[PDB]
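Quick notes on the structure that follows.
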Amino acid sequence: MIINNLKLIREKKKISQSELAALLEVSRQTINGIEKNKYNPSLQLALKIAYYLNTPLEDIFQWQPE
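Numbering (the entry's author numbering), first residue to last: 1 to 66.
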């Protein structure tokens, strides 16, 4: 997943990690650190935050072949 740098958008879209976490208000706040770092931003998280993000996943969440 070279592209789909959705993680980067959040900063660009001036929305804090905590804000995304605030949606869940769970340990997510901490693990959100590794989810984007280790993985691509988690899809389960993604759709729930997508609306908060106001940013379509589909545009960035392309297939993105390796």
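By construction, the Cβ of each residue, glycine as well, lies at the ideal position given by its N, Cα and C atoms.
For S16, which option in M1, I49 and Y39 has the closest C-alpha, if you only look at C-alpha atoms?
-> Relative to the Cα of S16, the nearest Cα in the group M1, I49 and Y39 belongs to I49.
Determine the burial state of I3: buried for a count of at least 16 other Cβ atoms within 10 Å of its Cβ, exposed for fewer.
-> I3 comes out exposed.
Give the DSSP-derived three-state secondary structure of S18 in the structure shown.
-> DSSP places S18 within a helical segment (H, G or I) once states are collapsed to three.
Cβ neighbour criterion (16 or more within 10 Å) applied to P41 = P41 sits buried, since 16 or more C-beta atoms from the chains shown fall within 10 Å of its C-beta.
For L45 versus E35, is the C-beta distance shorter than 8 Å?
-> With contacts defined by Cβ atoms closer than 8 Å, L45 and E35 form a contacting pair.
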